[PDB]
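All chains are named by letter (A, B, ...) in the order of the sequence lines, taking the proteins before the strands, and each is independently numbered beginning at 1. Just the heavy atoms: all of them, side chains too, but no hydrogens, waters or symmetry mates, feed the values below.
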Number of protein chains: 2
Amino acid sequence: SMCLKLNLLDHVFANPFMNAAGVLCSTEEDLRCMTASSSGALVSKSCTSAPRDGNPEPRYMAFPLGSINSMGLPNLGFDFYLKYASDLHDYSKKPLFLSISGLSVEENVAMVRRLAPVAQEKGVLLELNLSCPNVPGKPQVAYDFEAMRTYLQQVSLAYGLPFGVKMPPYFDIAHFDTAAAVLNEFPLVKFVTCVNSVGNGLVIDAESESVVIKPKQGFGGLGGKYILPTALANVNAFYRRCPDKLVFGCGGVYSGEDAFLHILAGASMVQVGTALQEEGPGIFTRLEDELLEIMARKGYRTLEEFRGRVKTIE
Amino acid sequence: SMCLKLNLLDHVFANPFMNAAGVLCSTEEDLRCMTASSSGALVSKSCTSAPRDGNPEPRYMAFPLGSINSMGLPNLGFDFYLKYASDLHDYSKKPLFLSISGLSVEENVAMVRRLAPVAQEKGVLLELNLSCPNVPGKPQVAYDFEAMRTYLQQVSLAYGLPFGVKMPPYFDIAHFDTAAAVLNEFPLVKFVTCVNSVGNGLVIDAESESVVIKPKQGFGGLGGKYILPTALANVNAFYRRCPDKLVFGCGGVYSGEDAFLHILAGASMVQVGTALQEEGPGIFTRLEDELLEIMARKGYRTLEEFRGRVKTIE
Ligand SMILES: Cc1cc2nc3c(=O)[nH]c(=O)nc-3n(C[C@H](O)[C@H](O)[C@H](O)COP(=O)(O)O)c2cc1C
Ligand SMILES: Cc1cc2nc3c(=O)[nH]c(=O)nc-3n(C[C@H](O)[C@H](O)[C@H](O)COP(=O)(O)O)c2cc1C
Ligand SMILES: COC(=O)c1cccc2cc(CCCCc3c(C(=O)O)[nH]c(=O)[nH]c3=O)ccc12
Ligand SMILES: COC(=O)c1cccc2cc(CCCCc3c(C(=O)O)[nH]c(=O)[nH]c3=O)ccc12
Ligand SMILES: C[As](C)(=O)[O-]
Ligand SMILES: C[As](C)(=O)[O-]
Ligand SMILES: C[As](C)(=O)[O-]
Ligand SMILES: C[As](C)(=O)[O-]
């Protein structure tokens, strides 16, 4: 307890919290608001080479147990996020991650060669989003393990510097084994963020008898309380499988207790999506106070004392 | 006058509600208790050829948002559930489904060959569980589409009568498309039950810093409030893709409103797992009363007036 500062990836962080990609991070105003917050770090909205308007509205809805979204990758385009990283961000305040989600391997490769020099000069960190649009006859890249191994071979070659990868959840132990083995072929992959939204849920409103988002006939990715045990399982499964990488936890964090659980499961940073969208950036002071209170009550003075130390029975 | 009656698969059901396989259905006492309840049907515990003790305890835990289990297929063996179907079940009370979950294709074929004549004579209905290991280190059967196709070819040939399948949830539209395509190759697959538990979640208790079930280092399938939007998405995705089959909904039903949503999404029968494990069989009269109250408020007199009629935006 006392202070939550930590060191990772050759950067210093005041605390393990940050936003989850896509939440409060699309515009210059959003990035400045996350920088002014008490978060330890921030990450930009996943970007494409060109600006995109994204899907028709309504495209995000939240409820007491979490959220559903089909945003459609609305973003200001890579040139904007690169300019933010290279000219506007104040690195004295906290580290910045830039998320990129190009629609093809070649788009991703082209973005990463342009990011490399700014990464070298300013220390922006890459989070590569291994999620994708629906392509009939094909699964998202992180659910096609040979495709994933390609992206990553090309990005590693094009980029040449340490980066991390945002993963969808898996639900099968054979898939954890295969996915972690792919990631462990790439020494430049230094962190793994588990998880993106739980794909293609469906929220229906009983009174109106209607789905609640317009795109994809109401289907969208789930976040929030629905997904905490899924997120913890993925964090711990990759923590156990990838001893030479860091794991960042994302999914279902509304409280310092939920962050403590992610850290027990193995998380180094803890990302906040739905709860941050719903509460606003004040949440970061509350999460830090709540995490330090649980640490004090247990006698922990550092995150290292309990990271990955979830106990199993027998 | 409003009515919850259904007539499907050559049987008559007083109402759409039944247990989910595995809950309140392992012993003769459990089956007689389900038969005495107000449910419209019941299904037996997934069985294997030989009796199994299942995994060490604790292997099921529940919490306000749902449950986690790694039961390990504990069951009295096929001969016991076939005897209950042949000799003990009172068909004048309600229809019976028998769930089978052999650990290889050959074990499944051996069971269904022996079930067939009792299905024909007594009208017990088969639910084949495809959320079930085959070769260890490979995914569960229904996440391996080639294994799925083989199981269904082999069981269709061996059994020769209408049956249904219990599916795990999917999270990728390409997987909905592929999975429904595989099902639609089999005309004897007349119902599809969506969904089994969401696989390999991990619940951690913050005070003890421990996982809450003993098998698989705490990893287990999730049911209950966590999984309702996932369940609804799978029900509706298979309802849209399998127009010549029925869909039975399972996942996250605690109220008549949750059942109404399943039915809007396309469900015929509605199965209740976690909430029945937690509340007991009195839940069925509460779910019938709650569903009738929503139907009365909306002016609906039968389930067909709204099954599959979820509205999309635009
Ligand atoms: C409105 C919204 C937009 C998101 N956009 C992205 C994104 O651009 N890139 C990405 O990696 N994940 C994105 N996500 C997923 C979140 O980063 C996060 O993985 C997910 O919401 C689970 O965390 P939570 O339970 O805290 O919400 C988005 C989530 C939401 C709710
Ligand atoms: C204790 C337990 C045992 C289960 N055993 C089986 C089983 O034998 N066969 C099966 O198809 N599903 C089994 N399941 C899954 C349930 O049938 C159901 O698909 C899942 O719990 C989701 O429904 P719910 O949200 O109502 O719990 C079991 C679930 C629980 C909680
Ligand atoms: C109906 O068409 C789409 O939804 C779509 C079209 C073209 C590109 C897409 C690209 C995506 C990629 C999603 C990547 C960003 C993201 C989003 C988001 O921007 O929707 N939401 C998340 O929960 N996680 C994410 O990682 C999703 C949908 C589309
Ligand atoms: C420790 O190793 C295991 O978990 C295991 C070992 C041998 C056979 C198994 C068989 C299963 C098969 C699951 C089939 C029944 C079932 C169960 C159950 O009995 O665990 N729970 C569910 O939520 N859904 C189900 O469909 C699961 C685990 C094992
Ligand atoms: C705060 As926004 C509307 O740019 O995510
Ligand atoms: C393990 As203790 C010293 O944190 O009470
Ligand atoms: C009620 As029981 C322990 O036979 O599922
Ligand atoms: C008219 As129909 C319920 O068989 O698709």
Test side-chain contact (heavy atoms from CB on, under 4.5 Å) applied to B/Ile313 and A/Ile213, step by step: CA-CA 7 Å; B/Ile313 302 174; A/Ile213 61 170; 5.6 Å; no
Let's test your reading of the structure: which of B/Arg309, B/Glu257, B/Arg240 forms the most heavy-atom pairs below 4.5 Å with chain A? B/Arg240
Between B/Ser210 and A/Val310, is any pair of side-chain heavy atoms under 4.5 Å apart? no
Contacting region of A/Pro168 [heavy-atom separation from chain B under 4.5 Å]: neither
Segment of B/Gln217 engaging chain A (4.5 angstrom heavy-atom cut-off): both
Let me know which of A/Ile227, A/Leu222, A/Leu202, A/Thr230 forms a side chain to side chain contact (heavy atoms under 4.5 Å, CB included) with B/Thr230. A/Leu222
Are the side chains of B/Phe176 and A/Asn200 in contact, using a 4.5 Å heavy-atom criterion? yes
Side-chain heavy atoms of B/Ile68 within contact of A/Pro229, under 4.5 Å: no
Donor-acceptor pair, side chain of B/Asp172 and main chain of A/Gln140, under 3.5 angstrom: yes
How far does CG of B/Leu65 sit from OH of A/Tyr226, to the nearest 0.5 angstrom? 9.5 Å
Is the count of non-hydrogen atoms from other residues, nucleotides or ligands lying under 6.0 Å from B/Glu293 atom CD greater than 12? no
When only pairs under 4.5 Å are counted, which of B/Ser208, B/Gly201, B/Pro215, B/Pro136 shares the most heavy-atom pairs with chain A? B/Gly201
Specify whether A/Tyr143 and B/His175 have parallel, tilted or perpendicular ring planes, treating 30° as the upper limit for parallel and 60° as the lower limit for perpendicular. parallel
Which atoms of B/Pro169 approach chain A - backbone, side chain, both or neither, heavy atom under 4.5 Å: neither
Tell me, side chain or backbone of A/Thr178 under 4.5 Å from chain B's heavy atoms, or both, or neither? neither
Cut-off 4.5 Å, heavy atoms of chain A, and the answer for B/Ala231 is neither
Going from CZ on A/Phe219 to CG on B/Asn234, what distance comes out if it is rounded to the nearest 0.5 angstrom? 8.0 Å
If you draw a 6.0 Å radius around NZ in A/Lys216, do more than 12 non-hydrogen atoms from other residues or ligands fall strictly inside? yes
Atom CD in A/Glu207, atom CD1 in B/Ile294: separation rounded to 0.5 Å? 11.5 Å
Tell me the residues of residues 299-308 of chain B whose non-hydrogen atoms fall below 4.5 Å from those of chain A, in number order. B/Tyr300
Checking A/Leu264 against chain B: side chain, backbone, both or neither under 4.5 Å from a heavy atom? side chain
Structural part of B/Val235 lying under 4.5 Å from a heavy atom of chain A: neither
Should A/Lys298 and B/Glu209 count as an ion pair when the cut-off is N to O under 4.0 Å? yes
Counting only non-hydrogen atoms closer than 4.5 Å, does B/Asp205 touch chain A with its backbone (N, CA, C, O), its side chain (CB onward), both, or neither? backbone
Side chain, backbone, both or neither of A/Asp177 within contact of chain B (heavy atoms, under 4.5 Å): neither
Measure the NZ-CD1 distance between A/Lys138 and B/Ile173 for me, rounded to the nearest 0.5 Å. 15.5 Å
At a heavy-atom distance under 4.5 Å, which candidate from B/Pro56, B/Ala206, B/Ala174, B/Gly221 has the highest pair count against chain A? B/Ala206
Sort B/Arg297 into side chain, backbone, both or neither according to what part of it lies under 4.5 angstrom from a heavy atom of chain A. neither
